[PDB]
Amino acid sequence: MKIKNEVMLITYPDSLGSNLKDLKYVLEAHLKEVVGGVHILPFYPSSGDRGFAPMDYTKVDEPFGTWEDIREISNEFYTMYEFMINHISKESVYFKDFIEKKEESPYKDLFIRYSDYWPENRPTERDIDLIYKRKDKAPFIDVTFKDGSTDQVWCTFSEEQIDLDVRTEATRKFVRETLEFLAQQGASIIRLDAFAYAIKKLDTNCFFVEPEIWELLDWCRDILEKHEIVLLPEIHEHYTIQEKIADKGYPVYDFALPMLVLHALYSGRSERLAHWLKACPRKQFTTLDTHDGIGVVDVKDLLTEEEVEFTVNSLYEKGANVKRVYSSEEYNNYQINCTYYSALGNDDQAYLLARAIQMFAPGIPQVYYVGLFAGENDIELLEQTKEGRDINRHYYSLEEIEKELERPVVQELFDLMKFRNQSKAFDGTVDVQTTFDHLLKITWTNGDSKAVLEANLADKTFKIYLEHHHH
């Protein structure tokens, strides 16, 4: 199914019932009106980071179901699957073949060896300090080959995740074939996880390295264009990097909206949110919640330092069942572990207003499954796992879902989503206005049709208006 200008669900393969068969039942039985698309988070066999250390793209991890189950969901909903362009599991056949056969491995060129990458008398202390690091150490792990020789391989994230070398014909063949395989399982979008990390180059920070990153993105886009599949480069960065990707014609994520909407609702102010809604790229995937925590670095310069501090303290002070310790190292964590609904104090009025803003914001709205069901902080699972992120990764039963559908806030959110999916106005052009300091008007116009949101951020009341003029 081709991408449409309709809400996309974000879910785990096993978070809505048990597996992909349950996911398909929940979509067809409850969600046909309210989502046109589904982002299934990585469902390949993985050796860590719940899907983000994949071993093999050519199979569905057996507990979730099969590729056939994914294909049936693709027939009714436009689908987004993940490709990890930056790295693959140490538990992959590809890496295990490299450790065994070394120079005789057909997969040796998929990985970046320290001995091969650094010229003589390098790296210097400066070389290592220049690298944008996500941990305290240089981004390398030791390996021992079968033949007893030793080296280091580039490793950006966890020791489960070995970086691919996108400079080599071997990596290009792996990526090309995987993108072709994913194209053939019905994807309308491919999300490129951590794509900004994929370029390693001497005398650079190895982060969003120009011009090579444009070569890499265009090369992938070229492979998918022939199937009318969209490439979605995923980055959590300053909004100027989103603007630069959008300039090269790609869709981007709006990871700024979540904190801009929290700040607007806590402060009762429309100014910062109206600025972003006017200036943001028109081709984007908007978010309040994702599978991850609420991102604060993403809203840098779109709120002042004091506005960010006020918003983070409002979340902890007004949030429903949220503690500072849940986003500390005690729970394995700048991102805040909190459901969006619990971030607004489980306030139905403020939450619906947040979702109405999201529906009217430039882009395709993405609705994380926990937010779909106005999910509150899962303290039970958080304590069971000690994963801070789990506060916002509740596992719903089919029975639990049937009960969530009876909440007025959930029924009201479904009506909002159906309206955003059905109303021609959203396929037109958008006009943003503010009156005084607390009011926000968003008008979509498409020919004889106009859709309007009038929101008072101070009293959290709002009006939705649709008209068809026939003259």
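Residue indices: 1-based, along the sequence shown.
According to the record, the deposited sequence contains 1 to 3 residues between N333 and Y334 that were left without coordinates.
Relative to one another, 129 to 137 and 283 to 291 have unequal mean CA B-factors, and 129 to 137 is the one with the higher figure. When the two stretches 377 to 385 and 248 to 256 are set side by side, the higher mean Cα temperature factor goes to 377 to 385.
Comparing the C-alpha B-factors of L315, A198, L372, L353 in the entry, the top value falls on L315. When the C-alpha B-factors of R393, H236, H87, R269 are ranked from the entry, the top spot goes to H236.
Ranked within its chain, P13 lands in the lowest third, by CA B factor from the PDB record. Sorting the modelled residues of the chain by their CA temperature factor places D348 in the middle third. When the CA B factors of the chain's modelled residues are split into thirds, the value for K32 lands in the highest one.
When the modelled residues of the chain are ordered by their C-alpha B factor, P63 lands in the highest third. Compared with the other modelled residues of the chain, the Cα B-factor recorded for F145 ranks in the highest third.
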